[PDB]
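Enquirer: Pasting protein_8.cif here (mmCIF, N, CA and C atoms):
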data_structure
#
loop_
_atom_site.group_PDB
_atom_site.id
_atom_site.type_symbol
_atom_site.label_atom_id
_atom_site.label_comp_id
_atom_site.auth_asym_id
_atom_site.auth_seq_id
_atom_site.Cartn_x
_atom_site.Cartn_y
_atom_site.Cartn_z
ATOM 1 N N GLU L 1 6.855 8.870 -21.113
ATOM 2 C CA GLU L 1 6.655 8.747 -19.673
ATOM 3 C C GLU L 1 6.116 7.364 -19.301
ATOM 4 N N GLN L 2 6.427 6.936 -18.081
ATOM 5 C CA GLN L 2 6.015 5.624 -17.604
ATOM 6 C C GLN L 2 4.498 5.554 -17.464
ATOM 7 N N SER L 3 3.922 4.406 -17.823
ATOM 8 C CA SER L 3 2.475 4.326 -17.951
ATOM 9 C C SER L 3 1.773 3.548 -16.845
ATOM 10 N N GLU L 4 2.479 2.711 -16.084
ATOM 11 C CA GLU L 4 1.855 1.985 -14.985
ATOM 12 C C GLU L 4 2.883 1.787 -13.883
ATOM 13 N N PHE L 5 2.385 1.585 -12.656
ATOM 14 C CA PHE L 5 3.207 1.700 -11.457
ATOM 15 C C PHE L 5 2.844 0.622 -10.446
ATOM 16 N N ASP L 6 3.838 0.215 -9.648
ATOM 17 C CA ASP L 6 3.639 -0.606 -8.459
ATOM 18 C C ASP L 6 3.739 0.262 -7.207
ATOM 19 N N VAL L 7 3.025 -0.134 -6.157
ATOM 20 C CA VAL L 7 3.109 0.533 -4.856
ATOM 21 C C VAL L 7 3.604 -0.500 -3.853
ATOM 22 N N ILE L 8 4.770 -0.246 -3.254
ATOM 23 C CA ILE L 8 5.388 -1.149 -2.279
ATOM 24 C C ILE L 8 5.215 -0.557 -0.887
ATOM 25 N N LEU L 9 4.637 -1.338 0.029
ATOM 26 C CA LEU L 9 4.627 -0.981 1.447
ATOM 27 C C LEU L 9 5.960 -1.408 2.044
ATOM 28 N N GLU L 10 6.805 -0.438 2.397
ATOM 29 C CA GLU L 10 8.146 -0.763 2.879
ATOM 30 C C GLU L 10 8.150 -1.069 4.368
ATOM 31 N N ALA L 11 7.396 -0.300 5.151
ATOM 32 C CA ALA L 11 7.377 -0.420 6.600
ATOM 33 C C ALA L 11 6.055 0.128 7.100
ATOM 34 N N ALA L 12 5.524 -0.489 8.153
ATOM 35 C CA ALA L 12 4.199 -0.114 8.630
ATOM 36 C C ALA L 12 4.232 1.073 9.580
ATOM 37 N N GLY L 13 5.334 1.289 10.288
ATOM 38 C CA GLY L 13 5.375 2.361 11.268
ATOM 39 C C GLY L 13 4.773 1.955 12.603
ATOM 40 N N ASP L 14 4.469 2.974 13.412
ATOM 41 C CA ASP L 14 4.046 2.783 14.797
ATOM 42 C C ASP L 14 2.559 2.494 14.957
ATOM 43 N N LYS L 15 1.753 2.665 13.916
ATOM 44 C CA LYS L 15 0.300 2.527 14.007
ATOM 45 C C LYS L 15 -0.144 1.462 13.012
ATOM 46 N N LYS L 16 0.219 0.211 13.303
ATOM 47 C CA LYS L 16 -0.025 -0.881 12.366
ATOM 48 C C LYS L 16 -1.510 -1.101 12.111
ATOM 49 N N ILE L 17 -2.337 -1.011 13.156
ATOM 50 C CA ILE L 17 -3.772 -1.209 12.976
ATOM 51 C C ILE L 17 -4.332 -0.183 12.002
ATOM 52 N N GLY L 18 -3.903 1.078 12.130
ATOM 53 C CA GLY L 18 -4.352 2.096 11.192
ATOM 54 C C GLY L 18 -3.893 1.827 9.771
ATOM 55 N N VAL L 19 -2.676 1.303 9.616
ATOM 56 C CA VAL L 19 -2.166 1.003 8.285
ATOM 57 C C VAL L 19 -2.937 -0.161 7.663
ATOM 58 N N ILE L 20 -3.315 -1.163 8.471
ATOM 59 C CA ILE L 20 -4.163 -2.242 7.959
ATOM 60 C C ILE L 20 -5.482 -1.681 7.426
ATOM 61 N N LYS L 21 -6.102 -0.743 8.160
ATOM 62 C CA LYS L 21 -7.347 -0.137 7.682
ATOM 63 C C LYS L 21 -7.141 0.601 6.362
ATOM 64 N N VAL L 22 -6.045 1.359 6.240
ATOM 65 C CA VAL L 22 -5.795 2.115 5.013
ATOM 66 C C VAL L 22 -5.522 1.174 3.838
ATOM 67 N N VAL L 23 -4.745 0.105 4.066
ATOM 68 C CA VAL L 23 -4.502 -0.876 3.011
ATOM 69 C C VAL L 23 -5.821 -1.468 2.509
ATOM 70 N N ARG L 24 -6.748 -1.760 3.427
ATOM 71 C CA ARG L 24 -8.025 -2.332 3.019
ATOM 72 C C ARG L 24 -8.874 -1.349 2.231
ATOM 73 N N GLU L 25 -8.778 -0.052 2.541
ATOM 74 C CA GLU L 25 -9.509 0.959 1.775
ATOM 75 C C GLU L 25 -8.925 1.107 0.376
ATOM 76 N N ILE L 26 -7.596 1.019 0.259
ATOM 77 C CA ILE L 26 -6.932 1.212 -1.027
ATOM 78 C C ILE L 26 -7.163 0.021 -1.952
ATOM 79 N N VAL L 27 -7.046 -1.205 -1.430
ATOM 80 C CA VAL L 27 -7.008 -2.420 -2.245
ATOM 81 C C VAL L 27 -8.390 -3.056 -2.216
ATOM 82 N N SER L 28 -9.134 -2.885 -3.305
ATOM 83 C CA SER L 28 -10.480 -3.437 -3.393
ATOM 84 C C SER L 28 -10.456 -4.951 -3.226
ATOM 85 N N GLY L 29 -11.286 -5.447 -2.308
ATOM 86 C CA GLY L 29 -11.453 -6.871 -2.129
ATOM 87 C C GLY L 29 -10.404 -7.557 -1.284
ATOM 88 N N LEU L 30 -9.482 -6.816 -0.675
ATOM 89 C CA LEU L 30 -8.452 -7.435 0.151
ATOM 90 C C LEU L 30 -9.057 -7.831 1.496
ATOM 91 N N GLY L 31 -8.993 -9.116 1.817
ATOM 92 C CA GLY L 31 -9.589 -9.610 3.039
ATOM 93 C C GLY L 31 -8.813 -9.194 4.274
ATOM 94 N N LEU L 32 -9.425 -9.443 5.434
ATOM 95 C CA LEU L 32 -8.834 -8.979 6.688
ATOM 96 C C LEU L 32 -7.520 -9.696 6.993
ATOM 97 N N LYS L 33 -7.515 -11.031 6.956
ATOM 98 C CA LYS L 33 -6.274 -11.763 7.196
ATOM 99 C C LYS L 33 -5.225 -11.439 6.133
ATOM 100 N N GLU L 34 -5.634 -11.341 4.864
ATOM 101 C CA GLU L 34 -4.677 -10.991 3.809
ATOM 102 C C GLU L 34 -4.035 -9.633 4.058
ATOM 103 N N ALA L 35 -4.822 -8.653 4.507
ATOM 104 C CA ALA L 35 -4.270 -7.329 4.769
ATOM 105 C C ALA L 35 -3.318 -7.352 5.961
ATOM 106 N N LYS L 36 -3.687 -8.059 7.040
ATOM 107 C CA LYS L 36 -2.787 -8.179 8.183
ATOM 108 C C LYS L 36 -1.473 -8.843 7.783
ATOM 109 N N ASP L 37 -1.538 -9.895 6.960
ATOM 110 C CA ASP L 37 -0.318 -10.586 6.558
ATOM 111 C C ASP L 37 0.545 -9.719 5.647
ATOM 112 N N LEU L 38 -0.081 -8.915 4.785
ATOM 113 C CA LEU L 38 0.676 -8.001 3.940
ATOM 114 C C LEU L 38 1.430 -6.984 4.784
ATOM 115 N N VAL L 39 0.752 -6.396 5.765
ATOM 116 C CA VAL L 39 1.389 -5.394 6.607
ATOM 117 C C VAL L 39 2.481 -6.031 7.462
ATOM 118 N N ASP L 40 2.202 -7.201 8.061
ATOM 119 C CA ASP L 40 3.210 -7.876 8.875
ATOM 120 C C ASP L 40 4.383 -8.379 8.045
ATOM 121 N N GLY L 41 4.189 -8.619 6.752
ATOM 122 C CA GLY L 41 5.264 -9.092 5.899
ATOM 123 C C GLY L 41 6.093 -8.038 5.191
ATOM 124 N N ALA L 42 5.836 -6.753 5.443
ATOM 125 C CA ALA L 42 6.502 -5.668 4.727
ATOM 126 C C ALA L 42 8.022 -5.789 4.835
ATOM 127 N N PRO L 43 8.776 -5.436 3.779
ATOM 128 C CA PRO L 43 8.292 -4.890 2.498
ATOM 129 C C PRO L 43 7.470 -5.863 1.648
ATOM 130 N N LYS L 44 6.339 -5.402 1.110
ATOM 131 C CA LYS L 44 5.467 -6.210 0.267
ATOM 132 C C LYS L 44 4.801 -5.317 -0.762
ATOM 133 N N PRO L 45 4.532 -5.830 -1.961
ATOM 134 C CA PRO L 45 3.722 -5.059 -2.908
ATOM 135 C C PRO L 45 2.272 -4.967 -2.456
ATOM 136 N N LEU L 46 1.684 -3.793 -2.675
ATOM 137 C CA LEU L 46 0.294 -3.510 -2.363
ATOM 138 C C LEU L 46 -0.570 -3.401 -3.611
ATOM 139 N N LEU L 47 -0.100 -2.667 -4.612
ATOM 140 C CA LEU L 47 -0.773 -2.507 -5.887
ATOM 141 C C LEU L 47 0.252 -2.744 -6.983
ATOM 142 N N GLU L 48 -0.198 -3.325 -8.092
ATOM 143 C CA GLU L 48 0.688 -3.651 -9.202
ATOM 144 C C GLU L 48 0.062 -3.187 -10.509
ATOM 145 N N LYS L 49 0.862 -2.494 -11.326
ATOM 146 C CA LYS L 49 0.477 -2.065 -12.674
ATOM 147 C C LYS L 49 -0.754 -1.157 -12.668
ATOM 148 N N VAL L 50 -0.764 -0.184 -11.764
ATOM 149 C CA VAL L 50 -1.880 0.740 -11.641
ATOM 150 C C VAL L 50 -1.511 2.100 -12.228
ATOM 151 N N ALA L 51 -2.519 2.952 -12.400
ATOM 152 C CA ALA L 51 -2.314 4.294 -12.923
ATOM 153 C C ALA L 51 -1.567 5.176 -11.926
ATOM 154 N N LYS L 52 -0.889 6.197 -12.459
ATOM 155 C CA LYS L 52 -0.091 7.090 -11.620
ATOM 156 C C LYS L 52 -0.921 7.730 -10.517
ATOM 157 N N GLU L 53 -2.126 8.205 -10.840
ATOM 158 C CA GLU L 53 -2.936 8.859 -9.818
ATOM 159 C C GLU L 53 -3.294 7.895 -8.692
ATOM 160 N N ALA L 54 -3.669 6.664 -9.038
ATOM 161 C CA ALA L 54 -3.962 5.659 -8.022
ATOM 162 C C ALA L 54 -2.742 5.383 -7.152
ATOM 163 N N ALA L 55 -1.552 5.345 -7.759
ATOM 164 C CA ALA L 55 -0.341 5.114 -6.976
ATOM 165 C C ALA L 55 -0.049 6.291 -6.053
ATOM 166 N N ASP L 56 -0.201 7.522 -6.561
ATOM 167 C CA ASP L 56 0.076 8.704 -5.748
ATOM 168 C C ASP L 56 -0.894 8.809 -4.576
ATOM 169 N N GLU L 57 -2.172 8.484 -4.806
ATOM 170 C CA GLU L 57 -3.149 8.502 -3.721
ATOM 171 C C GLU L 57 -2.832 7.447 -2.670
ATOM 172 N N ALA L 58 -2.477 6.232 -3.101
ATOM 173 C CA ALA L 58 -2.109 5.188 -2.150
ATOM 174 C C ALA L 58 -0.912 5.603 -1.302
ATOM 175 N N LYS L 59 0.126 6.143 -1.941
ATOM 176 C CA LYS L 59 1.309 6.572 -1.201
ATOM 177 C C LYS L 59 0.962 7.662 -0.187
ATOM 178 N N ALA L 60 0.166 8.657 -0.599
ATOM 179 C CA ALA L 60 -0.148 9.755 0.311
ATOM 180 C C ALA L 60 -0.960 9.270 1.506
ATOM 181 N N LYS L 61 -1.941 8.400 1.266
ATOM 182 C CA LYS L 61 -2.757 7.898 2.368
ATOM 183 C C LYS L 61 -1.933 7.060 3.340
ATOM 184 N N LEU L 62 -1.057 6.200 2.820
ATOM 185 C CA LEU L 62 -0.263 5.349 3.701
ATOM 186 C C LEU L 62 0.770 6.153 4.479
ATOM 187 N N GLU L 63 1.407 7.137 3.830
ATOM 188 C CA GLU L 63 2.400 7.947 4.526
ATOM 189 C C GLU L 63 1.757 8.774 5.631
ATOM 190 N N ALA L 64 0.553 9.301 5.387
ATOM 191 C CA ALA L 64 -0.138 10.061 6.425
ATOM 192 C C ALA L 64 -0.417 9.203 7.648
ATOM 193 N N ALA L 65 -0.595 7.899 7.448
ATOM 194 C CA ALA L 65 -0.854 6.943 8.514
ATOM 195 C C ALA L 65 0.413 6.445 9.199
ATOM 196 N N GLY L 66 1.591 6.909 8.780
ATOM 197 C CA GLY L 66 2.847 6.568 9.421
ATOM 198 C C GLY L 66 3.695 5.556 8.688
ATOM 199 N N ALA L 67 3.234 5.038 7.554
ATOM 200 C CA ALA L 67 3.966 4.023 6.814
ATOM 201 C C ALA L 67 5.005 4.652 5.888
ATOM 202 N N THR L 68 5.909 3.805 5.406
ATOM 203 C CA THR L 68 6.891 4.163 4.392
ATOM 204 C C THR L 68 6.574 3.381 3.125
ATOM 205 N N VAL L 69 6.624 4.064 1.978
ATOM 206 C CA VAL L 69 6.152 3.540 0.702
ATOM 207 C C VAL L 69 7.169 3.852 -0.390
ATOM 208 N N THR L 70 7.274 2.956 -1.379
ATOM 209 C CA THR L 70 7.950 3.264 -2.636
ATOM 210 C C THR L 70 7.003 3.023 -3.800
ATOM 211 N N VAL L 71 6.865 4.021 -4.673
ATOM 212 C CA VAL L 71 6.178 3.865 -5.954
ATOM 213 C C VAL L 71 7.221 3.555 -7.021
ATOM 214 N N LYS L 72 7.008 2.479 -7.775
ATOM 215 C CA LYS L 72 8.023 2.000 -8.720
ATOM 216 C C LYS L 72 7.496 1.900 -10.141
#
Would you mind writing the file out in structure tokens?
Expert:
Amino acid sequence: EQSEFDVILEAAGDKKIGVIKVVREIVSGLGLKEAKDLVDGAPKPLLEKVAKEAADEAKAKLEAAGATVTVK
């Protein structure tokens, strides 16, 4: 089985401000401007080479906020 995963933010959806907040909660140390630029630049990677549980939690939190995500 695959041992590490990337999380791609594909689209922010209708509630971009909320998605910026969720991205900042998920990604430790991500600054405010960096998070805004990541969301405005989607599709963009959010997490790279992380554990499956961390990827699944990130996807669930972002999707609940209206975003579209791919775990790879």
Enquirer: Name the residues captured by the PyMOL selection byres ((chain L and resi 30-39) around 8) when it is applied to the shown file; answer as a VMD selection string.
Expert: chain L and resid 9 11 to 12 16 19 to 21 23 to 29 40 to 46
Enquirer: So how many Å separate atom C of residue 18 of chain L and atom N of residue 67 of chain L, to one decimal?
Expert: 8.1 Å
Enquirer: Could you state which residues are captured by the PyMOL selection byres ((chain L and resi 69) around 5) in this file, as a list in words?
Expert: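 When the PyMOL selection byres ((chain L and resi 69) around 5) is applied, the selected residues are residues 8, 9, 10, 67, 68, 70 and 71 of chain L.
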Enquirer: List the spatial neighbours of residue 49 of chain L as a PyMOL selection string - criterion: any atom at most 5 Å away, only N, CA and C atoms, same-chain residues fewer than 3 positions off excluded.
Expert: chain L and resi 4-6
Enquirer: Rank nothing, just name the residue among L:53, L:58, L:22, L:65 nearest to residue 7 of chain L, using only C-alpha atoms.
Expert: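 Distance minimum relative to residue 7 of chain L lands on L:58.
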Enquirer: Give me every helix (DSSP H, G or I) residue in chain L, going by DSSP on the backbone, as a PyMOL selection string.
Expert: chain L and resi 16-26+32-40+52-64
Enquirer: Kindly give the distance, in Å, that separates atom C of residue 1 of chain L and atom N of residue 64 of chain L, rounded to a single decimal.
Expert: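 According to the coordinates, atom C of residue 1 of chain L and atom N of residue 64 of chain L are separated by 25.4 Å.
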